[PDB]
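Below, chain A is the first sequence line, B the second, and so on; all start at residue 1.
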Amino acid sequence: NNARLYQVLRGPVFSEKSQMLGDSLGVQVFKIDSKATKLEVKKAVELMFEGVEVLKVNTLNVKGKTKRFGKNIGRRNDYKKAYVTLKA
Amino acid sequence: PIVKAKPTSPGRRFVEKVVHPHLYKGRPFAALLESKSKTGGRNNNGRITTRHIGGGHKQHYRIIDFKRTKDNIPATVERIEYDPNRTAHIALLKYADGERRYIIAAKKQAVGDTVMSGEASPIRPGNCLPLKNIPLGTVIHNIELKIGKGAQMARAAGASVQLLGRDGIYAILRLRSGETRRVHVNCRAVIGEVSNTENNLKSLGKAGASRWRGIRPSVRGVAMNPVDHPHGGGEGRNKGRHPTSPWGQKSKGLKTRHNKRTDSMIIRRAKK
Amino acid sequence: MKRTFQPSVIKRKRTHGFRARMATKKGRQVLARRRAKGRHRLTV
RNA sequence: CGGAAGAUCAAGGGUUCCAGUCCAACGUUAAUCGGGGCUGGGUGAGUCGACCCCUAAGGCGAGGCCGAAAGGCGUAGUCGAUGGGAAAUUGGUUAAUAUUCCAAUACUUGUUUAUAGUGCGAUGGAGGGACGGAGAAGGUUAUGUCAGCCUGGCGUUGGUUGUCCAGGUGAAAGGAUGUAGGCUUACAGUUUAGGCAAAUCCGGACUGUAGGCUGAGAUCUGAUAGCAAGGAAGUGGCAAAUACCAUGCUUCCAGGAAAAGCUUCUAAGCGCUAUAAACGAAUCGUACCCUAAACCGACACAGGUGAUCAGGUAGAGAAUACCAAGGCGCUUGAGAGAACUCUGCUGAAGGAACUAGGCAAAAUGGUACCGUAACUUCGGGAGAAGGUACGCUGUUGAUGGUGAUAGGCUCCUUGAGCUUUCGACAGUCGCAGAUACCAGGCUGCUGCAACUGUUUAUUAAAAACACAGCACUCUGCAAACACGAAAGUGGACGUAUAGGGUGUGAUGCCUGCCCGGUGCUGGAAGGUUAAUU
């Protein structure tokens with residue numbers, strides 16, 4: 001369906017690794033839904049960015065960090081990010 | 001025969017090994033082999049119910065034809081093999097149709113000769129015949145007890161049975177236990193004594209050789225404490241009581257057979 | 001020297017875990033008792 | 001430090017990893033530093049591992065059996081790795097990931113479409129997979145070392161443009177090839193007491209007809225890769241693994257997983273094999289520690305913690321000494337240089353007088369050769385005891401390997417260069433040549449236990465336990481015996497040359513008398529004797 005692809009991409013990653021990946025290889029880094037497959041990421045990228053072609057999706061799960069705030073020990077959410085390679 | 005080892009080690013000084021050059025050096029017939037994991041002498045409760053069992057060499061089970069129901073089809077002895085599951089040698093039989101089996105090998109049974117099963121068979125070693133067709137005084141082995149069940153008696157290496165006579169539907173057999181007993185005359189037996197007659201002449205030599213055969217050490221009751229064994233206890237060496245097992249059952253002379261449904265099969269026992 | 005606790009995750013989850021508790025009637029009584037005390041850790 | 005105190009992991013941990021920032025607490029001191037606080041970042045896979053397919057032990061277990069209940073067992077099955085099952089390597093890149101990204105060159109396995117040919121199909125049959133211990137002879141590579149080549153240097157002090165010095169420099173998987181090794185008759189036909197039915201497949205019985213499979217390494221290709229001072233070199237000799245050939249070969253007895261994938265055969269029933277072309281190969285893990293300050297020990301704790309990699313010079317060596325790469329100086333210092341304590345070094349003369357006792361120390365210690373007693377089970381004792389040589393230099397005899405060079409993935413002869421092992425003779429220096437580290441002390445009498453082993457985790461290692469061997473006794477198989485309430489088990493898919501219990505404990509010579517007591521075995525004439533009636 002075309003309503004599940006709108007939730008696949010949670011937002012871009014802005015960092016030095018992301019910046020230099022974009023500069024050298026033109027590859028976009030997204031924080032993606034925790035349950036998205038590479039095929040779903042490919043379809044979502046190609047639908048939300050009209051005119052681009054996806055060669056490769058590399059995914060990874062990153063565990064959230066523990067950050068004790070005030071009197072409590074809590075942790076951030078895990079998240080999934082995708083490295084997406086686009087046609088030059 | 002029996003070959004002494006040279007005393008080149010104290011663990012070799014008393015090794016007397018049973019040697020048979022004539023038995024197969026290769027691997028057994030793969031289709032007659034079954035996997036068999038060791039038990040440690042532990043039952044389905046995981047409890048030790050039989051002491052001094054454990055370790056030893058991995059061995060396959062050779063499927064033995066103890067029944068011999070391929071009657072009237074001759075077999076030729078392909079090879080005589082060592083079997084780790086028994087003290088007797090086994091013979092690979094090759095039947096006329098090409099089916100292969102293992103049987104207990106008789107002493108006077110060589111590679112190449114023909115064995116027969118049934119009632120119209122020659123009285124030669126390795127032939128399986130009902131006890132009514134075997135002449136009296138013939139030395140037999142692999143005795144069936146219930147009709148059609150397969151051989152149960154006289155199977156160990158060197159085992160022979162004297163076929164003394166007959167009374168009705170019973171054959172009178174003298175077993176090597178010194179026991180004369182009845183067996184139904186429709187039960188089968190195999191002609192000749194069992195191979196590997198010098199099994200009992202061997203000497204293991206060292207404790208490790210008993211370990212290789214899966215036998216754990218045995219600790220005398222007098223060396224224990226009284227909480228472990230009726231013989232335990234005492235300042236220094238002492239026995240103190242009538243000899244008995246760890247469960248309190250006397251071990252010098254006390255009879256333990258208790259079976260009334262078979263008591264009528266037994267003619268008598270020998271006194272010595 | 002070697003100490004008493006030698007951790008192994010599979011062995012922990014197989015002797016003390018949730019499905020090991022739920023396999024026995026006595027393990028389910030362990031769980032009922034932990035829930036009645038209100039423990040935040042039911043099982044290892 | 002360097003068979004780690006370096007590197008890669010598994011397990012366990014879980015962000016400790018990297019950067020910035022802070023120094024209260026934490027860190028046994030201070031701290032600007034940190035595995036501490038705070039804020040950000042960081043883990044990229046068809047090929048690595050998991051998942052997945054398969055099974056071991058062992059679980060659970062429609063029905064089934066058993067049991068007051070709870071439950072226990074167990075068939076078919078279904079789970080369960082520590083084992084079997086597809087596949088990639090080099091190099092570059094980040095502060096931090098890399099067989100994952102990037103570059104180059106590969107490999108495995110699918111789906112869809114099409115083109116032809118065409119009997120396909122299994123949870124079943126058969127093959128296969130598929131396996132022990134030890135030992136030995138080879139052949140190799142990894143790797144090392146020298147050389148060559150390239151780039152620099154001419155040395156704070158005699159010499160150093162040379163036969164001088166330093167640094168750098170050797171591309172993999174794969175594709176071909178088919179070597180050293182290893183194994184080995186091949187094909188066709190006829191038929192059938194067998195493989196639960198069927199089978200063209202296996203097995204069996206006959207009849208004719210007479211190199212293959214595997215395999216390290218080398219070589220070619222891959223291959224105009226990458227790599228430094230600011231745009232170079234890149235190939236010869238020798239040595240050489242515990243890695244590979246090799247799941248091999250040879251021997252032995254204690255006789256050596258399973259199942260699937262895979263190859264074939266058919267059954268019920270009604271797609272398959274080649275050629276490509278396109279498209280795919282999901283999900284989870286991946287940071288970091290891991291002989292540790294990140295795990296287990298309450299600690300940043302002298303302990304414990306599986307596997308893997310294994311440079312140089314000496315050396316048998318993974319010992320030891322000193323070094324490489326790499327990594328560290330162990331999170332209080334500074335003085336002083338009393339007693340006393342600890343750990344060492346040397347010690348006149350004496351040499352066990354010490355002491356419960358040579359406890360501790362001292363001593364010995366290597367290789368070759370010579371020589372070696374009582375006794376002995378003929379194996380041993382034995383390295384008994386005790387001697388002698390040993391460095392360096394020159395000359396010189398013999399000798400193993402490898403092979404340039406010529407001559408007739410091969411053979412033979414020849415032997416350059418390099419390297420191995422024994423010697424001889426002559427000289428030479430010192431107190432001393434197995435010079436350091438390293439590395440048996442040895443004898444005589446006698447008790448005990450045959451011996452190797454085992455044991456009181458944490459005060460006892462022994463003469464204690466075990467042991468091969470011996471004897472008694474039980475046990476005829478639904479065995480005796482043991483677990484269990486029973487079912488069900490072990491004994492044992494064993495069968496009296498076996499299995500249990502008991503004592504004794506190699507071996508040599510042997511093992512006397514007593515059956516009154518108490519057991520055990522047999523007997524039953526008589527006496528006594530339960531429930532019941």
Side-chain angles (χ1 to χ4, degrees), chain A residues 15-17 20-21 24-25 37-39 58-63 65-66 82-83, chain B residues 6-11 13-14 17 27-28 31 34-37 39 41-45 47-51 53 56-61 63 72-73 82-87 94-100 145 152-159 175-177 179 181 194 196-201 203-210 212-213 217-223 231 239 242-247 249-257 259 262 265-266, chain C residues 1-9 23 25:
Chain A
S15 50
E16 298 118 311
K17 169 140 192 193
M20 84 76 219
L21 271 173
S24 60
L25 310 167
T37 56
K38 283 173 195 212
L39 186 64
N58 282 255
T59 43
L60 60 156
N61 297 285
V62 25
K63 263 52 91 195
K65 281 203 247 84
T66 303
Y83 297 104
Chain B
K6 293 292 196 69
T8 64
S9 303
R13 184 183 290 280
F14 302 101
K17 69 162 91 167
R27 304 289 310 137
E34 275 187 23
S35 154
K36 191 206 52 144
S37 42
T39 195
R42 289 147 165 82
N43 77 330
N44 58 352
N45 289 328
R47 294 286 180 88
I48 300 167
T49 62
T50 302
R51 298 182 304 162
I53 303 189
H57 203 291
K58 172 191 281 179
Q59 46 206 9
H60 301 298
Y61 184 66
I63 292 160
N72 312 130
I73 303 161
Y82 166 81
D83 195 348
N85 299 273
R86 63 208 68 254
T87 43
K94 201 255 199 73
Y95 285 81
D97 41 358
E99 149 149 356
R100 289 184 180 81
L145 289 158
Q152 310 189 252
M153 297 208 284
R155 297 168 16 163
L175 312 171
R176 256 185 74 61
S177 56
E179 209 252 338
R181 85 166 267 154
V194 167
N196 196 20
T197 295
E198 63 295 314
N199 167 43
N200 71 328
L201 299 187
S203 179
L204 276 52
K206 68 170 182 179
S210 185
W212 301 334
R213 299 163 159 76
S218 183
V219 176
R220 330 179 330 274
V222 279
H231 293 181
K239 282 143 171 176
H242 295 127
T244 180
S245 66
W247 304 277
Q249 164 177 53
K250 273 152 200 204
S251 63
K252 295 293 163 161
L254 173 89
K255 280 154 153 110
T256 58
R257 157 184 193 86
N259 201 15
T262 63
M265 279 336 260
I266 291 140
Chain C
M1 324 100 74
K2 216 218 286 210
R3 292 297 175 194
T4 257
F5 183 51
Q6 306 294 319
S8 153
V9 171
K25 140 182 271 200

So [M] and [N], Watson-Crick or G-U wobble pair with both distances under 3.5 Å, or not?
N: D:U140; M: D:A243; result: yes
N: D:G234; M: D:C227; result: yes
N: D:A482; M: D:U489; result: yes
N: D:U395; M: D:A298; result: no
N: D:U235; M: D:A147; result: yes
N: D:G306; M: D:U141; result: no
N: D:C279; M: D:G110; result: yes
N: D:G256; M: D:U454; result: no
N: D:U364; M: D:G158; result: no
N: D:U421; M: D:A398; result: yes

Pairwise [atom1] distance, [M] and [N] [rounded to whole Å]:
N: D:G386; M: D:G371; atom1: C1'; answer: 8 Å
N: D:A136; M: D:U145; atom1: P; answer: 31 Å
N: D:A348; M: D:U320; atom1: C1'; answer: 37 Å
N: D:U364; M: D:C290; atom1: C1'; answer: 45 Å
N: D:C245; M: D:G226; atom1: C1'; answer: 32 Å
N: D:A7; M: D:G423; atom1: P; answer: 47 Å
N: D:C296; M: D:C107; atom1: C1'; answer: 44 Å

TODO: Identify whether the glycosidic angle of D:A95 places it syn (within 90° of 0) or anti.
DONE: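 Base orientation relative to the sugar is anti.
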Open item on the list: Please classify the glycosidic conformation of D:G469 as syn (within 90° of 0) or anti (everything else).
Closed with: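 This nucleotide is in anti.
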Pair of N/O donor and acceptor under 3.5 Å linking [N] base with [X] side chain:
X: B:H242; N: D:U518; result: yes
X: B:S245; N: D:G501; result: no
X: B:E34; N: D:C493; result: yes
X: B:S177; N: D:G476; result: yes
X: B:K255; N: D:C474; result: no
X: B:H57; N: D:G256; result: yes

Task: Sugar-phosphate only, base, or nothing, as touched by B:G158 at under 4.0 Å among non-hydrogen atoms - done: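 The answer is base, as B:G158 lies within the cut-off (heavy atoms under 4.0 Å) of a base atom.
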Open item on the list: Please tell me whether B:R257 and B:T262 have a donor and an acceptor in their side chains that are separated by less than 3.5 angstrom.
Closed with: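 Side-chain D/A pair, B:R257 to B:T262: present.
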Open item on the list: On RNA chain D, compare the nucleotides closest to B:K94 and B:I73; which residue's is nearer the 5' end?
Closed with: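 Closest to the 5' end, via its nearest nucleotide, is B:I73.
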Taking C1'-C2'-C3'-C4' as the guide, is [N] a north (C3'-endo side) or a south (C2'-endo side) sugar?
N: D:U156; answer: south
N: D:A193; answer: south
N: D:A373; answer: north

Open item on the list: Less than 5.0 Å from which groove's base atoms, major or minor, is the side chain of A:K65 found?
Closed with: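 Reaching into the major groove, the side chain of A:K65 comes under 5.0 Å of the base N or O atoms there.
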Task: Per-pair stack call B:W247 and D:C481, 5.5 Å, 30° - done: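 Here B:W247 fails the 5.5 Å or the 30° condition.
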